[PDB]
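What follows is a single structure, written as structure tokens, with notes after it.
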Amino acid sequence: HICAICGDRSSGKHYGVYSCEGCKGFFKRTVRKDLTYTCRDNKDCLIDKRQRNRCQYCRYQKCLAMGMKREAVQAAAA
Amino acid sequence: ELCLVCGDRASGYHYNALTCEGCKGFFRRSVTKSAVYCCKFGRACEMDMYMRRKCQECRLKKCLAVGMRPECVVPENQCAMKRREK
DNA sequence: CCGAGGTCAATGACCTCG
DNA sequence: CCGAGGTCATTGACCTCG
Ligand SMILES: [Zn+2]
Ligand SMILES: [Zn+2]
Ligand SMILES: [Zn+2]
Ligand SMILES: [Zn+2]
């Protein structure tokens, strides 16, 4: 399958959307420690298998815009 | 403004070639520990922001081909006095 | 197999000196 | 003011578990 957030390979659905190892973890750490990013431009940041790390704010936001949410919130160590 | 290795944004000249921060650091690591990477696919991977992180053998071949020189990595000059700090 | 969890070497942003 | 020579938080490959 294809990561719906970047076009990278997908192991399978993660937190509710075909994603890649990269995106699964990015999302987890973001929700798990509840982080707030900023962004330098708008939300307009591109994002794909190549530029996904150029703007964390826009990466998380694209994750939201395709699935995921609570789910990942599996508390710590569970 | 472009890293000759991967095409990312160059931060300047690192070891005599115009590159980006990651290629800079990965060259450093690669030389200082005389690394020998081996390609999975066919040793011919083209480099971009994605791929660079996927093929070490090919990222180094290129660092090298683009003019980045090893001899400039911790050369045996002075400042090798940090080696004298216990 | 699938989708949670977790691990950790490598990576790359940022920093300090020369 | 660049750039060499690092430091350390973040990334994401690859496992265990129900
Ligand atoms: Zn992705
Ligand atoms: Zn952005
Ligand atoms: Zn580069
Ligand atoms: Zn290769």
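Chain letters run A, B, ... following the sequence lines, proteins first and then strands; every chain starts at 1.
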Just call it for [X]: base, sugar-phosphate, or nothing, with non-hydrogen atoms closer than 4.0 Å on any strand.
| X | answer |
| --- | --- |
| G22(A) | sugar-phosphate |
| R59(A) | sugar-phosphate |
| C23(B) | nothing |
| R9(A) | nothing |
| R32(A) | sugar-phosphate |
| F26(A) | sugar-phosphate |
| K82(B) | sugar-phosphate |
| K33(A) | nothing |
| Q56(A) | sugar-phosphate |

Which nucleotide in the set [options] lies at the smallest distance from any side-chain heavy atom of [X]?
| X | options | value |
| --- | --- | --- |
| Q56(B) | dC14(C), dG3(D), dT11(C) | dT11(C) |
| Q74(A) | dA4(C), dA13(D), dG12(D) | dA4(C) |
| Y15(A) | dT11(C), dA4(C), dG3(D) | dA4(C) |
| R29(B) | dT11(C), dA13(D), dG6(C) | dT11(C) |
| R52(A) | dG18(C), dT11(C), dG12(D) | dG12(D) |
| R53(B) | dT11(D), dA4(C), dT7(D) | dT11(D) |

Check the distance between [N]'s [atom2] and [X]'s [atom1] and give it to me in whole angstrom.
| X | N | atom1 | atom2 | answer |
| --- | --- | --- | --- | --- |
| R52(B) | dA13(C) | CZ | P | 7 Å |
| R59(B) | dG12(C) | CZ | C1' | 8 Å |
| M68(B) | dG3(D) | CE | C1' | 12 Å |
| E21(A) | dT16(D) | CD | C1' | 14 Å |

| message | Less than 4.0 angstrom between a side-chain N/O of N53(A) and OP1 or OP2 of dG12(D), yes or no? | response |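 True: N53(A) side-chain N/O within range (under 4.0 Å) of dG12(D) OP1/OP2.
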Would you tell me if any nitrogen or oxygen in the side chain of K28(A) comes within less than 4.0 Å of OP1 or OP2 on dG6(C)?
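It does, given that an N or O in the side chain of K28(A) lies less than 4.0 Å from OP1 or OP2 of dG6(C).
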- Identify which one of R59(A), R52(A), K49(A) satisfies the salt bridge (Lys or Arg N to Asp or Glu O under 4.0 Å) criterion when paired with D8(A).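 For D8(A), the salt bridge (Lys or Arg N to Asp or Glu O under 4.0 Å) check succeeds only for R52(A).
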Return whichever of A78(A) or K24(B) has its heavy-atom-nearest nucleotide of DNA chain C closer to the 5' end.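 Between the two, 5'-proximity favours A78(A).
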Pairing partner (Watson-Crick or G-U wobble, both distances under 3.5 angstrom) of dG18(D):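 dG18(D) is paired, partner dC2(C).
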- Query: Can you tell me the Watson-Crick or wobble partner of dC8(C), both distances under 3.5 angstrom?
  - Reply: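 Per the H-bond distance test, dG12(D).
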Q | Groove identity (major vs minor) for side-chain contacts of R29(A) below 5.0 Å | A |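 For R29(A), the answer is major.
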Open item on the list: More than 12 heavy atoms of other residues, nucleotides or ligands under 6.0 Å from OH of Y50(B): yes or no?
Closed with: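 Yes, enclosed.
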Answer yes or no: does atom CD of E71(B) have more than 12 heavy-atom neighbours from other residues, nucleotides or ligands under 6.0 Å?
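Count over threshold, so yes.
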**OP:** Give the ring-plane orientation class for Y60(A) versus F26(A), where under 30° counts as parallel, over 60° as perpendicular and anything between as tilted.
**Re:**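 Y60(A) and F26(A): perpendicular rings.
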Assess the residue pair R83(B) and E76(B) against the criterion (salt bridge (charged side-chain N to carboxylate O under 4.0 Å, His left out)); give the C-alpha distance rounded to whole Å, side-chain angles, the decisive distance to 0.1 Å, and a yes or no. CA-CA 11 Å; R83(B) 290 174 168 183; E76(B) 195 69 318; 2.7 Å; yes
Q) Where do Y37(A) and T30(A) come nearest, in terms of heavy atoms and distance? A)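 Shortest heavy-atom separation between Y37(A) and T30(A) comes out as OH-OG1, 2.6 Å.
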